[PDB]
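There are 2 protein chains.
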Amino acid sequence: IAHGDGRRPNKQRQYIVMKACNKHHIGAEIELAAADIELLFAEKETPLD
Amino acid sequence: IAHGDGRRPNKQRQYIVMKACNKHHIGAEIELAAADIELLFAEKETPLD
Numbered sequence: 100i101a102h103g104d105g106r107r108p109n110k111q112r113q114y115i116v117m118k119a120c121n122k123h124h125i126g127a128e129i130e131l132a133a134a135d136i137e138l139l140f141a142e143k144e145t146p147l148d
Numbered sequence: 100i101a102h103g104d105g106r107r108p109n110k111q112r113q114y115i116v117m118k119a120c121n122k123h124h125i126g127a128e129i130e131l132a133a134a135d136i137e138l139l140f141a142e143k144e145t146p147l148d
């Protein structure tokens, strides 16, 4: 906004802003027993099995 | 919580808690007079009995 005092005039301006992503990583660890993974494949035998 | 810092991720954990039962015992005493039990089985035939 210009005005009538002794101040210098104002040229038009311009702004340039640079933004960037930030990577994030997540990891969870599961253990599974070897007998558990095995007997999911071994055959049905008896009602207690 | 699975997080992206350098420390070791936790495996799965469980607790097994075993509670018990406390037992309590109450006793009160009752006195029946022998002059009072004796007429409980007797035969009555008069308006005083």
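For the record, the sequence lines run as chains W and X.
Going from the first sequence to the entry's author numbering is simple: count from 1 and add 99.
Going from the second sequence to the entry's author numbering is simple: count from 1 and add 99.
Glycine residues also receive a C-beta, built at the ideal position from the N, C-alpha and C atoms.
Among the options, whose alpha-carbon lies nearest the alpha-carbon of residue i?
i: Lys110(W); options: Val116(W), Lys118(W), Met117(W), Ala101(W); result: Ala101(W)
i: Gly103(X); options: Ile136(W), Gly105(W), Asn121(W); result: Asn121(W)
Anything in chain B within Cβ reach of residue i, meaning under 8 angstroms, just list it in chain order.
i: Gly103(X); result: Structure shown: chain B not included; protein chains present are W and X.
I need the boundaries of the alpha helix (DSSP H) containing residue i, first residue and last residue.
i: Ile100(W); result: Element bounds for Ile100(W): n/a, residue is neither H nor E.
Please classify residue i: does DSSP put it in a helix, a strand, or coil?
i: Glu137(W); result: helix
At a CB-CB cut-off below 8 angstroms, which residues of chain X make contact with residue i?
i: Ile100(W); result: Going along chain X, no residue has its Cβ under 8 angstroms from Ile100(W), so there is no contact; the nearest lies around 49 angstroms.
i: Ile129(W); result: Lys110, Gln111
With residue i and residue j assumed to form a contact (beta carbons below 8 angstroms), what rounded beta-carbon distance in angstroms separates them?
i: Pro108(X); j: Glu128(W); result: 4 angstroms
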